[PDB]
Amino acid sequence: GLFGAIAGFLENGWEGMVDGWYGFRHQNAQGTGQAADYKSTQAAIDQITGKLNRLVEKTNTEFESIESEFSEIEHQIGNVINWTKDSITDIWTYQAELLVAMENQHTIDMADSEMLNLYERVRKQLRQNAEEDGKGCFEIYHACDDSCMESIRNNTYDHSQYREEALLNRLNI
């Protein structure tokens, strides 16, 4: 996809993540765990919601009938009307096809971008204390317990706390 994450360098989605659209799985000495990210999830959802609300905005144009359902219409004018209506219908059918195709393309790619934005945010938090594995994980070069993991998700992880330990491990010096 456009941003390379969803159906990209992330091999698949997580069916087991039911409390959010984006989130984290971790591994440490204590074990493994999962948690959703609220902000990225809301960013995606709010854009979808805003898009849906734009689509309910309706015409306030009152139309009268120009074709009698229960009596004869003179043939020439009837043919003109038919030609006009079918032309209008082809225009609206095409418009709807295009609208949906375009919106869907944008929706998909926007979601991909919000996944990437979360990835990038975490990459920068971790600074020189972790390395990317190419599959969406960050190998963290210091002991990072459940609280430490929480501080990464919560965006309060202070890289300078663990920097020295992490650089030694990254270099083996």
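Just count from 1 along the sequence shown to find any residue number.
The PDB entry records a higher mean C-alpha B factor for 60 to 68 than for its counterpart among 125 to 133 and 60 to 68. When the C-alpha B-factors of 51 to 59 and 24 to 32 are averaged, 51 to 59 comes out higher. In this PDB entry, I88 carries a Cα temperature factor that places it within the lowest third of its chain's modelled residues.
Compared with the other modelled residues of the chain, the Cα B-factor recorded for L168 ranks in the highest third. Per-chain ranking of the deposited C-alpha B factor places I81 in the lowest third. Among all modelled residues in its chain, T41 ranks in the middle third by Cα B-factor. When the modelled residues of the chain are ordered by C-alpha B-factor, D146 sits in the highest third.
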